[PDB]
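Asks: would you be able to build a 3D model of this:
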Amino acid sequence: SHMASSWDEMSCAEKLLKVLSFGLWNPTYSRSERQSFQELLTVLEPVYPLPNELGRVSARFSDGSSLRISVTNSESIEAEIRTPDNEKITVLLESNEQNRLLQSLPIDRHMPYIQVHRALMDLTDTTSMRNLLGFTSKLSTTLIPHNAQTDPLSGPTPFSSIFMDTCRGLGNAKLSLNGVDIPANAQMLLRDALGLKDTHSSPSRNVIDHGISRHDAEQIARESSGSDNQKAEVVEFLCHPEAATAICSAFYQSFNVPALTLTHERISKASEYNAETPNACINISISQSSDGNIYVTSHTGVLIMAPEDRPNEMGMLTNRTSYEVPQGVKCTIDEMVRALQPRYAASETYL
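Replies: Numbers count the residues shown, from 1 in each chain. Let me share the structure:
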């Protein structure tokens, strides 16, 4: 191997760390490698962060190996590597301008300018746009300040559109629960299980009080892709009221408001450049920790023109919204408004 003399003996977790140490965008990789490495990267999932952490990431690979990565507010990065035989090592990761390691993690950074990435294609094709968001959802973003005017939870009717948004979004989204992919057909089952039969529907009182029925959760998990163990985690997650809250809230259309204030002109230019446009794509990760903490990371991707410095370059604005869903918060508009405290971040990715 050109990566390491012991490459073929290394676990998925160990391989991903090596890839990131050389850099995801390393110029020596082949086309086939870039594909394989993306397949490792997509396993990364943002999860509930500890008190003084910018972010925390979990990856559970098909070979039984895993990573837990934490990033401190000073951007110190530490990883715990668990081998399939479940031995544990803790290592410090090193991010530098050569590898851009931190940029290849789903972490919200504090920066004066919006993070810019390069893709590894494009782009007016719905499938390719979804694939690009699949990638950018694993990369770093820049936190965006908001005020009373631009706060998605302000105004007279915050979250008022949430069930319509959920109804329209399920079936078209990329959705992961505890790292388990929920495919389109399973999402449609989930939509129905929430009670969202049409765009003007809202959850049943049973779902509000108890979450998805065990029967429905089992069918959804059955249609999802994972081991018998992975499906079990999904069923257990779904059968709680807070699971309904997390899933529905993740679709809120207005999470993009802070980012739009910075970018709407260039988004408009992209829409016009195409008239010479597939619309927003959605990619959501929800995880519940072993301590029971539910964390939502919801992404939307839209086409955007590069600044005038780079003429005729169209890329993707990725908006990341991150928040805990506290225990006891049921799936009603008033509950979401009362309890959810998201933060908003963005990146721009060009081909």
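
Asks: how many residues are close by residue 259?
Replies: 28 (other CB atoms under 10 Å). No exception for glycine: its C-beta is placed from N, CA and C like everyone else's.

Asks: where does it sit relative to residue 143, distance-wise?
Replies: Between residue 259 and residue 143 the computed distance is 11 Å (CB to CB, to the nearest Å).

Asks: who touches both of the two?
Replies: Each of residue 344 lies in contact with both residue 259 and residue 143 under the rule CB atoms under 8 Å, 6 or more residues apart in numbering.

Asks: which residues in the chain form strands?
Replies: Using DSSP state E, the strands of the chain run over 45-47, 53-60, 66-72, 77-82, 88-93, 108-109, 115-118, 141-143, 174-177, 180-181, 281-288, 294-305, 314-325, 343-350.

Asks: the longest helix along the chain: which residues count as buried?
Replies: Using DSSP state H, we find that the single longest helix of the chain is helix 257-274. Neighbour-count burial for helix 257-274, counted by 16 or more other CB atoms under 10 Å, picks out 257, 258, 259, 260, 263, 266, 267, 269, 270, 273.

Asks: of all those, which comes closest to residue 19?
Replies: residue 259 (29.2 Å; CB to CB).

Asks: these two touch, right, the closest one and residue 344?
Replies: Yes - Residue 259 is within contact range of residue 344, at 6.5 Å (criterion: CB atoms under 8 Å).

Asks: what do those two both touch?
Replies: Common neighbours of residue 259 and residue 344 (CB under 8 Å, 6+ apart) are 144, 319.

Asks: could you count how many residues lie near the nearest residue to residue 261 once chain neighbours are set aside?
Replies: In space, and not counting its chain neighbours, residue 261 is closest to residue 150: 5.5 Å by CB to CB, 6 or more residues apart in numbering. Counted with other CB under 10 Å, residues neighbouring residue 150 total 17.

Asks: ditto for residue 175
Replies: For residue 175, using other CB under 10 Å, the count is 25.

Asks: over to residue 3?
Replies: 18.

Asks: any idea what sits nearest it, other than its immediate chain neighbours?
Replies: residue 18 is the one closest to residue 3 (CB to CB, 6+ apart), at 5.7 Å.
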